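As provided, input_17.cif (mmCIF, N, CA, C and O atoms) reads as follows.
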data_target
#
loop_
_atom_site.group_PDB
_atom_site.id
_atom_site.type_symbol
_atom_site.label_atom_id
_atom_site.label_comp_id
_atom_site.auth_asym_id
_atom_site.auth_seq_id
_atom_site.Cartn_x
_atom_site.Cartn_y
_atom_site.Cartn_z
ATOM 1 N N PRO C 1 55.094 40.822 -12.776
ATOM 2 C CA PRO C 1 55.377 39.879 -11.716
ATOM 3 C C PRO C 1 56.788 39.319 -11.735
ATOM 4 O O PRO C 1 57.347 39.020 -12.797
ATOM 5 N N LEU C 2 57.330 39.184 -10.527
ATOM 6 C CA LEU C 2 58.686 38.698 -10.259
ATOM 7 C C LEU C 2 58.819 37.176 -10.351
ATOM 8 O O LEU C 2 59.806 36.666 -10.889
ATOM 9 N N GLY C 3 57.836 36.465 -9.803
ATOM 10 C CA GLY C 3 57.805 35.004 -9.872
ATOM 11 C C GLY C 3 57.525 34.406 -11.257
ATOM 12 O O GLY C 3 57.725 33.203 -11.472
ATOM 13 N N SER C 4 57.063 35.230 -12.197
ATOM 14 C CA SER C 4 56.723 34.723 -13.525
ATOM 15 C C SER C 4 57.915 34.719 -14.497
ATOM 16 O O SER C 4 57.871 34.051 -15.526
ATOM 17 N N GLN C 5 58.971 35.448 -14.153
ATOM 18 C CA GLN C 5 60.099 35.679 -15.049
ATOM 19 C C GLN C 5 60.946 34.435 -15.221
ATOM 20 O O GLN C 5 61.342 33.819 -14.238
ATOM 21 N N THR C 6 61.213 34.063 -16.468
ATOM 22 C CA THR C 6 62.034 32.887 -16.765
ATOM 23 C C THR C 6 62.859 33.181 -18.009
ATOM 24 O O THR C 6 62.872 34.308 -18.512
ATOM 25 N N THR C 7 63.542 32.164 -18.502
ATOM 26 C CA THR C 7 64.409 32.290 -19.650
ATOM 27 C C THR C 7 64.125 31.160 -20.639
ATOM 28 O O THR C 7 63.890 30.023 -20.253
ATOM 29 N N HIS C 8 64.160 31.503 -21.915
ATOM 30 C CA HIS C 8 64.018 30.541 -22.984
ATOM 31 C C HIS C 8 65.142 30.696 -24.027
ATOM 32 O O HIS C 8 65.812 31.713 -24.072
ATOM 33 N N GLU C 9 65.347 29.680 -24.855
ATOM 34 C CA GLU C 9 66.409 29.705 -25.853
ATOM 35 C C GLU C 9 65.902 29.050 -27.121
ATOM 36 O O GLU C 9 65.132 28.088 -27.053
ATOM 37 N N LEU C 10 66.316 29.572 -28.276
ATOM 38 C CA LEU C 10 66.070 28.894 -29.552
ATOM 39 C C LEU C 10 67.169 29.229 -30.570
ATOM 40 O O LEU C 10 68.021 30.075 -30.317
ATOM 41 N N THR C 11 67.127 28.558 -31.714
ATOM 42 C CA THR C 11 68.099 28.762 -32.757
ATOM 43 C C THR C 11 67.404 29.187 -34.044
ATOM 44 O O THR C 11 66.458 28.532 -34.484
ATOM 45 N N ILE C 12 67.865 30.308 -34.610
ATOM 46 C CA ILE C 12 67.442 30.779 -35.927
ATOM 47 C C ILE C 12 68.470 30.307 -36.973
ATOM 48 O O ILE C 12 69.680 30.527 -36.807
ATOM 49 N N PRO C 13 67.994 29.682 -38.066
ATOM 50 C CA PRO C 13 68.953 29.377 -39.128
ATOM 51 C C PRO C 13 69.668 30.644 -39.609
ATOM 52 O O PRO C 13 69.056 31.710 -39.708
ATOM 53 N N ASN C 14 70.969 30.512 -39.862
ATOM 54 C CA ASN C 14 71.840 31.639 -40.187
ATOM 55 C C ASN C 14 71.358 32.499 -41.328
ATOM 56 O O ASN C 14 71.521 33.716 -41.308
ATOM 57 N N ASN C 15 70.757 31.840 -42.313
ATOM 58 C CA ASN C 15 70.284 32.489 -43.527
ATOM 59 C C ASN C 15 69.104 33.399 -43.232
ATOM 60 O O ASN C 15 68.719 34.214 -44.084
ATOM 61 N N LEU C 16 68.565 33.266 -42.013
ATOM 62 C CA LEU C 16 67.356 33.969 -41.584
ATOM 63 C C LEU C 16 67.577 35.056 -40.539
ATOM 64 O O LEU C 16 66.678 35.862 -40.310
ATOM 65 N N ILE C 17 68.757 35.086 -39.911
ATOM 66 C CA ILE C 17 69.025 36.010 -38.802
ATOM 67 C C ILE C 17 68.939 37.488 -39.210
ATOM 68 O O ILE C 17 68.477 38.310 -38.428
ATOM 69 N N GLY C 18 69.361 37.816 -40.436
ATOM 70 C CA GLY C 18 69.304 39.195 -40.937
ATOM 71 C C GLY C 18 67.884 39.719 -41.030
ATOM 72 O O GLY C 18 67.637 40.909 -40.859
ATOM 73 N N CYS C 19 66.952 38.814 -41.307
ATOM 74 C CA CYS C 19 65.526 39.118 -41.361
ATOM 75 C C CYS C 19 64.990 39.389 -39.968
ATOM 76 O O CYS C 19 64.224 40.326 -39.776
ATOM 77 N N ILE C 20 65.444 38.603 -38.988
ATOM 78 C CA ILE C 20 65.056 38.788 -37.599
ATOM 79 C C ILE C 20 65.540 40.140 -37.045
ATOM 80 O O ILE C 20 64.798 40.827 -36.336
ATOM 81 N N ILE C 21 66.769 40.509 -37.406
ATOM 82 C CA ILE C 21 67.401 41.743 -36.935
ATOM 83 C C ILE C 21 66.811 42.945 -37.665
ATOM 84 O O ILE C 21 66.319 43.871 -37.034
ATOM 85 N N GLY C 22 66.824 42.888 -38.999
ATOM 86 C CA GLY C 22 66.290 43.959 -39.837
ATOM 87 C C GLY C 22 67.299 45.086 -39.977
ATOM 88 O O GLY C 22 68.336 45.093 -39.314
ATOM 89 N N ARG C 23 66.983 46.021 -40.864
ATOM 90 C CA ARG C 23 67.784 47.213 -41.128
ATOM 91 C C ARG C 23 67.931 48.017 -39.834
ATOM 92 O O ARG C 23 66.931 48.371 -39.221
ATOM 93 N N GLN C 24 69.171 48.247 -39.397
ATOM 94 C CA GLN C 24 69.472 49.025 -38.173
ATOM 95 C C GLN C 24 68.877 48.400 -36.923
ATOM 96 O O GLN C 24 68.653 49.107 -35.935
ATOM 97 N N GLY C 25 68.574 47.099 -36.992
ATOM 98 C CA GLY C 25 67.931 46.382 -35.893
ATOM 99 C C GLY C 25 66.461 46.743 -35.683
ATOM 100 O O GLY C 25 65.908 46.522 -34.607
ATOM 101 N N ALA C 26 65.826 47.289 -36.717
ATOM 102 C CA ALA C 26 64.430 47.720 -36.635
ATOM 103 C C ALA C 26 63.462 46.565 -36.336
ATOM 104 O O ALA C 26 62.527 46.721 -35.523
ATOM 105 N N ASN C 27 63.691 45.418 -36.974
ATOM 106 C CA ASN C 27 62.812 44.254 -36.811
ATOM 107 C C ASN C 27 62.870 43.689 -35.404
ATOM 108 O O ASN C 27 61.824 43.519 -34.764
ATOM 109 N N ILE C 28 64.087 43.462 -34.905
ATOM 110 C CA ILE C 28 64.254 42.895 -33.561
ATOM 111 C C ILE C 28 63.782 43.879 -32.475
ATOM 112 O O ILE C 28 63.199 43.472 -31.471
ATOM 113 N N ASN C 29 63.992 45.169 -32.716
ATOM 114 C CA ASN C 29 63.411 46.207 -31.869
ATOM 115 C C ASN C 29 61.883 46.137 -31.731
ATOM 116 O O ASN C 29 61.355 46.169 -30.610
ATOM 117 N N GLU C 30 61.196 46.060 -32.868
ATOM 118 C CA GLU C 30 59.748 45.840 -32.941
ATOM 119 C C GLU C 30 59.265 44.607 -32.177
ATOM 120 O O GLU C 30 58.231 44.661 -31.513
ATOM 121 N N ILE C 31 59.985 43.491 -32.318
ATOM 122 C CA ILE C 31 59.615 42.247 -31.636
ATOM 123 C C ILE C 31 59.756 42.398 -30.121
ATOM 124 O O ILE C 31 58.881 41.964 -29.375
ATOM 125 N N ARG C 32 60.845 43.034 -29.681
ATOM 126 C CA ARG C 32 61.041 43.374 -28.275
ATOM 127 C C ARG C 32 59.922 44.279 -27.731
ATOM 128 O O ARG C 32 59.312 43.964 -26.715
ATOM 129 N N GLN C 33 59.661 45.383 -28.421
ATOM 130 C CA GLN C 33 58.601 46.314 -28.048
ATOM 131 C C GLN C 33 57.197 45.696 -28.008
ATOM 132 O O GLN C 33 56.475 45.927 -27.061
ATOM 133 N N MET C 34 56.830 44.911 -29.018
ATOM 134 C CA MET C 34 55.507 44.281 -29.075
ATOM 135 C C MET C 34 55.331 43.212 -28.010
ATOM 136 O O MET C 34 54.270 43.123 -27.383
ATOM 137 N N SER C 35 56.375 42.404 -27.795
ATOM 138 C CA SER C 35 56.257 41.230 -26.932
ATOM 139 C C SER C 35 56.437 41.581 -25.478
ATOM 140 O O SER C 35 55.912 40.886 -24.614
ATOM 141 N N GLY C 36 57.199 42.645 -25.203
ATOM 142 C CA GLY C 36 57.564 42.978 -23.817
ATOM 143 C C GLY C 36 58.609 42.025 -23.231
ATOM 144 O O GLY C 36 58.861 42.054 -22.027
ATOM 145 N N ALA C 37 59.217 41.186 -24.080
ATOM 146 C CA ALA C 37 60.281 40.279 -23.657
ATOM 147 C C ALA C 37 61.664 40.882 -23.923
ATOM 148 O O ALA C 37 61.824 41.641 -24.879
ATOM 149 N N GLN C 38 62.656 40.539 -23.100
ATOM 150 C CA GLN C 38 64.035 40.837 -23.459
ATOM 151 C C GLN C 38 64.566 39.756 -24.389
ATOM 152 O O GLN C 38 64.458 38.565 -24.099
ATOM 153 N N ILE C 39 65.111 40.179 -25.524
ATOM 154 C CA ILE C 39 65.533 39.261 -26.555
ATOM 155 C C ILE C 39 66.977 39.587 -26.948
ATOM 156 O O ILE C 39 67.281 40.710 -27.373
ATOM 157 N N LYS C 40 67.861 38.605 -26.786
ATOM 158 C CA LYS C 40 69.287 38.793 -27.047
ATOM 159 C C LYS C 40 69.789 37.811 -28.107
ATOM 160 O O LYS C 40 69.574 36.587 -28.012
ATOM 161 N N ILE C 41 70.475 38.346 -29.107
ATOM 162 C CA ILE C 41 71.088 37.512 -30.150
ATOM 163 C C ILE C 41 72.496 37.137 -29.681
ATOM 164 O O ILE C 41 73.278 38.023 -29.318
ATOM 165 N N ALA C 42 72.805 35.836 -29.702
ATOM 166 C CA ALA C 42 74.130 35.361 -29.296
ATOM 167 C C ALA C 42 75.183 35.805 -30.301
ATOM 168 O O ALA C 42 74.892 36.000 -31.488
ATOM 169 N N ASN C 43 76.397 35.969 -29.808
ATOM 170 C CA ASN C 43 77.569 36.224 -30.640
ATOM 171 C C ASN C 43 77.647 35.192 -31.734
ATOM 172 O O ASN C 43 77.440 34.001 -31.474
ATOM 173 N N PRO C 44 77.922 35.627 -32.971
ATOM 174 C CA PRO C 44 78.029 34.636 -34.042
ATOM 175 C C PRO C 44 79.316 33.801 -33.932
ATOM 176 O O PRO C 44 80.335 34.313 -33.473
ATOM 177 N N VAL C 45 79.247 32.526 -34.321
ATOM 178 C CA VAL C 45 80.441 31.662 -34.380
ATOM 179 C C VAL C 45 80.679 31.161 -35.802
ATOM 180 O O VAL C 45 79.745 30.752 -36.480
ATOM 181 N N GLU C 46 81.931 31.198 -36.240
ATOM 182 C CA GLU C 46 82.294 30.749 -37.590
ATOM 183 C C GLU C 46 81.947 29.261 -37.818
ATOM 184 O O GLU C 46 82.204 28.414 -36.957
ATOM 185 N N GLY C 47 81.344 28.987 -38.968
ATOM 186 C CA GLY C 47 80.955 27.632 -39.364
ATOM 187 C C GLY C 47 79.786 27.005 -38.610
ATOM 188 O O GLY C 47 79.642 25.770 -38.592
ATOM 189 N N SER C 48 78.965 27.841 -37.972
ATOM 190 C CA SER C 48 77.704 27.382 -37.398
ATOM 191 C C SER C 48 76.651 27.451 -38.490
ATOM 192 O O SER C 48 76.822 28.175 -39.469
ATOM 193 N N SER C 49 75.573 26.691 -38.351
ATOM 194 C CA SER C 49 74.459 26.785 -39.312
ATOM 195 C C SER C 49 73.300 27.624 -38.758
ATOM 196 O O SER C 49 72.447 28.098 -39.526
ATOM 197 N N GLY C 50 73.289 27.805 -37.434
ATOM 198 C CA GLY C 50 72.221 28.505 -36.715
ATOM 199 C C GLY C 50 72.771 29.535 -35.736
ATOM 200 O O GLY C 50 73.919 29.428 -35.299
ATOM 201 N N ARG C 51 71.949 30.533 -35.412
ATOM 202 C CA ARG C 51 72.272 31.548 -34.430
ATOM 203 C C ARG C 51 71.328 31.442 -33.224
ATOM 204 O O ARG C 51 70.092 31.415 -33.376
ATOM 205 N N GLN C 52 71.925 31.374 -32.035
ATOM 206 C CA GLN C 52 71.186 31.260 -30.793
ATOM 207 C C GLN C 52 70.602 32.598 -30.392
ATOM 208 O O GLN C 52 71.233 33.650 -30.619
ATOM 209 N N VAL C 53 69.401 32.512 -29.799
ATOM 210 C CA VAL C 53 68.622 33.637 -29.282
ATOM 211 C C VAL C 53 68.040 33.256 -27.890
ATOM 212 O O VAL C 53 67.390 32.199 -27.731
ATOM 213 N N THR C 54 68.330 34.073 -26.880
ATOM 214 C CA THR C 54 67.664 33.914 -25.593
ATOM 215 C C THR C 54 66.530 34.938 -25.418
ATOM 216 O O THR C 54 66.619 36.079 -25.895
ATOM 217 N N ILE C 55 65.480 34.504 -24.727
ATOM 218 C CA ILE C 55 64.286 35.314 -24.483
ATOM 219 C C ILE C 55 63.932 35.204 -23.001
ATOM 220 O O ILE C 55 63.708 34.112 -22.499
ATOM 221 N N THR C 56 63.884 36.342 -22.311
ATOM 222 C CA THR C 56 63.567 36.363 -20.896
ATOM 223 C C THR C 56 62.312 37.218 -20.686
ATOM 224 O O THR C 56 62.111 38.214 -21.381
ATOM 225 N N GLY C 57 61.485 36.819 -19.722
ATOM 226 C CA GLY C 57 60.169 37.422 -19.477
ATOM 227 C C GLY C 57 59.227 36.390 -18.884
ATOM 228 O O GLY C 57 59.651 35.312 -18.481
ATOM 229 N N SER C 58 57.943 36.696 -18.826
ATOM 230 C CA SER C 58 56.972 35.704 -18.358
ATOM 231 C C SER C 58 56.787 34.676 -19.465
ATOM 232 O O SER C 58 57.170 34.935 -20.610
ATOM 233 N N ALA C 59 56.163 33.539 -19.159
ATOM 234 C CA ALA C 59 55.819 32.585 -20.221
ATOM 235 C C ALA C 59 54.995 33.223 -21.349
ATOM 236 O O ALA C 59 55.199 32.903 -22.525
ATOM 237 N N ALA C 60 54.069 34.117 -20.998
ATOM 238 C CA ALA C 60 53.227 34.783 -21.992
ATOM 239 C C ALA C 60 54.031 35.647 -22.964
ATOM 240 O O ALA C 60 53.857 35.575 -24.174
ATOM 241 N N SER C 61 54.923 36.464 -22.438
ATOM 242 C CA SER C 61 55.698 37.341 -23.293
ATOM 243 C C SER C 61 56.742 36.571 -24.114
ATOM 244 O O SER C 61 57.026 36.924 -25.240
ATOM 245 N N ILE C 62 57.253 35.478 -23.580
ATOM 246 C CA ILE C 62 58.156 34.598 -24.347
ATOM 247 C C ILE C 62 57.396 33.910 -25.480
ATOM 248 O O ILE C 62 57.850 33.885 -26.602
ATOM 249 N N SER C 63 56.223 33.380 -25.181
ATOM 250 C CA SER C 63 55.396 32.785 -26.223
ATOM 251 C C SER C 63 55.048 33.811 -27.344
ATOM 252 O O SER C 63 55.133 33.497 -28.524
ATOM 253 N N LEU C 64 54.699 35.040 -26.960
ATOM 254 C CA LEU C 64 54.431 36.120 -27.904
ATOM 255 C C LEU C 64 55.668 36.450 -28.737
ATOM 256 O O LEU C 64 55.588 36.560 -29.976
ATOM 257 N N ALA C 65 56.807 36.600 -28.061
ATOM 258 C CA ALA C 65 58.070 36.833 -28.762
ATOM 259 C C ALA C 65 58.372 35.731 -29.808
ATOM 260 O O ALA C 65 58.806 36.040 -30.932
ATOM 261 N N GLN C 66 58.155 34.466 -29.440
ATOM 262 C CA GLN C 66 58.378 33.334 -30.363
ATOM 263 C C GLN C 66 57.435 33.403 -31.559
ATOM 264 O O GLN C 66 57.851 33.231 -32.711
ATOM 265 N N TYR C 67 56.160 33.630 -31.275
ATOM 266 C CA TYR C 67 55.180 33.852 -32.318
ATOM 267 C C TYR C 67 55.588 34.972 -33.298
ATOM 268 O O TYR C 67 55.484 34.798 -34.504
ATOM 269 N N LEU C 68 56.071 36.100 -32.769
ATOM 270 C CA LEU C 68 56.490 37.250 -33.592
ATOM 271 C C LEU C 68 57.723 36.966 -34.428
ATOM 272 O O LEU C 68 57.841 37.447 -35.568
ATOM 273 N N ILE C 69 58.628 36.166 -33.867
ATOM 274 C CA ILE C 69 59.844 35.748 -34.569
ATOM 275 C C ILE C 69 59.441 34.934 -35.774
ATOM 276 O O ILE C 69 59.877 35.229 -36.892
ATOM 277 N N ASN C 70 58.587 33.932 -35.547
ATOM 278 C CA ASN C 70 57.982 33.127 -36.624
ATOM 279 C C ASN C 70 57.258 33.933 -37.693
ATOM 280 O O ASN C 70 57.439 33.672 -38.879
ATOM 281 N N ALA C 71 56.431 34.890 -37.255
ATOM 282 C CA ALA C 71 55.685 35.782 -38.145
ATOM 283 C C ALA C 71 56.611 36.620 -39.048
ATOM 284 O O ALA C 71 56.310 36.847 -40.220
ATOM 285 N N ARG C 72 57.735 37.068 -38.483
ATOM 286 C CA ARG C 72 58.735 37.862 -39.189
ATOM 287 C C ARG C 72 59.400 37.029 -40.296
ATOM 288 O O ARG C 72 59.796 37.557 -41.341
ATOM 289 N N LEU C 73 59.479 35.725 -40.074
ATOM 290 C CA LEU C 73 60.069 34.802 -41.040
ATOM 291 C C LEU C 73 59.109 34.307 -42.121
ATOM 292 O O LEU C 73 59.495 33.447 -42.926
ATOM 293 N N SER C 74 57.873 34.827 -42.126
ATOM 294 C CA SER C 74 56.889 34.568 -43.194
ATOM 295 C C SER C 74 56.806 35.762 -44.147
ATOM 296 O O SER C 74 56.502 36.890 -43.724
#
Using the file provided, produce a representation of the structure as structure tokens.
Amino acid sequence: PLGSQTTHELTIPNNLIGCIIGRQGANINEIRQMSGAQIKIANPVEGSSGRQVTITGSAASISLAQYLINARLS
């Protein structure tokens, strides 16, 4: 659905972003594939403590993507 599509944003602590991405981006690929959401990692900035992530899709797929991000960090 076209009317369901929206955008969300969150911040991953820097020490955790490598886990989210994974080897060759395998982890973030999996989260994208499972959730059906588009997930983009923001350009890194020097001396930040967190890395921004945008998630676009329906509310359901964004909620799933967030859940999977959390699960990956356990």
**Asked** On this structure, which residues satisfy the PyMOL selection byres (((chain C and resi 40 and name CA) around 7) and name CA), written as a PyMOL selection string?
**Response** chain C and resi 38-39+41-42+53-55
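Taking CA of residue 35 (chain C) and CA of residue 65 (chain C) as endpoints, the distance between them is 5.1 Å.
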Please write as a compact mmCIF listing (two decimals) with N, CA, C and O atoms, in the coordinates of the input the full residue list that the PyMOL selection byres (((chain C and resi 28 and name CA) around 10) and name CA) yields on this file.
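To be explicit, this is the file written out as result-v2.txt:
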# COMPACT_ATOMS: atom_id res chain seq x y z
N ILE C 17 68.76 35.09 -39.91
CA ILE C 17 69.03 36.01 -38.80
C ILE C 17 68.94 37.49 -39.21
O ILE C 17 68.48 38.31 -38.43
N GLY C 18 69.36 37.82 -40.44
CA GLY C 18 69.30 39.20 -40.94
C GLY C 18 67.88 39.72 -41.03
O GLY C 18 67.64 40.91 -40.86
N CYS C 19 66.95 38.81 -41.31
CA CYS C 19 65.53 39.12 -41.36
C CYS C 19 64.99 39.39 -39.97
O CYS C 19 64.22 40.33 -39.78
N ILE C 20 65.44 38.60 -38.99
CA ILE C 20 65.06 38.79 -37.60
C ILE C 20 65.54 40.14 -37.04
O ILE C 20 64.80 40.83 -36.34
N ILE C 21 66.77 40.51 -37.41
CA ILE C 21 67.40 41.74 -36.94
C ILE C 21 66.81 42.94 -37.66
O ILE C 21 66.32 43.87 -37.03
N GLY C 22 66.82 42.89 -39.00
CA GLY C 22 66.29 43.96 -39.84
C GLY C 22 67.30 45.09 -39.98
O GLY C 22 68.34 45.09 -39.31
N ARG C 23 66.98 46.02 -40.86
CA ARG C 23 67.78 47.21 -41.13
C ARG C 23 67.93 48.02 -39.83
O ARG C 23 66.93 48.37 -39.22
N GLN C 24 69.17 48.25 -39.40
CA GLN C 24 69.47 49.02 -38.17
C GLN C 24 68.88 48.40 -36.92
O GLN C 24 68.65 49.11 -35.94
N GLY C 25 68.57 47.10 -36.99
CA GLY C 25 67.93 46.38 -35.89
C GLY C 25 66.46 46.74 -35.68
O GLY C 25 65.91 46.52 -34.61
N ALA C 26 65.83 47.29 -36.72
CA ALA C 26 64.43 47.72 -36.64
C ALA C 26 63.46 46.56 -36.34
O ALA C 26 62.53 46.72 -35.52
N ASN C 27 63.69 45.42 -36.97
CA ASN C 27 62.81 44.25 -36.81
C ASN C 27 62.87 43.69 -35.40
O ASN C 27 61.82 43.52 -34.76
N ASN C 29 63.99 45.17 -32.72
CA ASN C 29 63.41 46.21 -31.87
C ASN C 29 61.88 46.14 -31.73
O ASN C 29 61.36 46.17 -30.61
N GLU C 30 61.20 46.06 -32.87
CA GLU C 30 59.75 45.84 -32.94
C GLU C 30 59.26 44.61 -32.18
O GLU C 30 58.23 44.66 -31.51
N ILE C 31 59.98 43.49 -32.32
CA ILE C 31 59.62 42.25 -31.64
C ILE C 31 59.76 42.40 -30.12
O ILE C 31 58.88 41.96 -29.38
N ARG C 32 60.84 43.03 -29.68
CA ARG C 32 61.04 43.37 -28.28
C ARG C 32 59.92 44.28 -27.73
O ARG C 32 59.31 43.96 -26.72
N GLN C 33 59.66 45.38 -28.42
CA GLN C 33 58.60 46.31 -28.05
C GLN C 33 57.20 45.70 -28.01
O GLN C 33 56.48 45.93 -27.06
N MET C 34 56.83 44.91 -29.02
CA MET C 34 55.51 44.28 -29.08
C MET C 34 55.33 43.21 -28.01
O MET C 34 54.27 43.12 -27.38
N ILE C 39 65.11 40.18 -25.52
CA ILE C 39 65.53 39.26 -26.56
C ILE C 39 66.98 39.59 -26.95
O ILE C 39 67.28 40.71 -27.37
N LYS C 40 67.86 38.60 -26.79
CA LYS C 40 69.29 38.79 -27.05
C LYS C 40 69.79 37.81 -28.11
O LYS C 40 69.57 36.59 -28.01
N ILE C 41 70.47 38.35 -29.11
CA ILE C 41 71.09 37.51 -30.15
C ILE C 41 72.50 37.14 -29.68
O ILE C 41 73.28 38.02 -29.32
N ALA C 65 56.81 36.60 -28.06
CA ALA C 65 58.07 36.83 -28.76
C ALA C 65 58.37 35.73 -29.81
O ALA C 65 58.81 36.04 -30.93
N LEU C 68 56.07 36.10 -32.77
CA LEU C 68 56.49 37.25 -33.59
C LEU C 68 57.72 36.97 -34.43
O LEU C 68 57.84 37.45 -35.57
N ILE C 69 58.63 36.17 -33.87
CA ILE C 69 59.84 35.75 -34.57
C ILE C 69 59.44 34.93 -35.77
O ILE C 69 59.88 35.23 -36.89
N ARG C 72 57.74 37.07 -38.48
CA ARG C 72 58.74 37.86 -39.19
C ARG C 72 59.40 37.03 -40.30
O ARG C 72 59.80 37.56 -41.34
**Asked** Got a sec to resolve the PyMOL selection byres ((chain C and resi 11-14) around 4.5) on this structure and send the residues as a ChimeraX atom specification?
**Response** /C:10,15-17,49-52
**Filtered DSSP result for chain C, state strand (DSSP E), as a VMD selection string** = chain C and resid 6 to 13 38 to 41 50 to 57
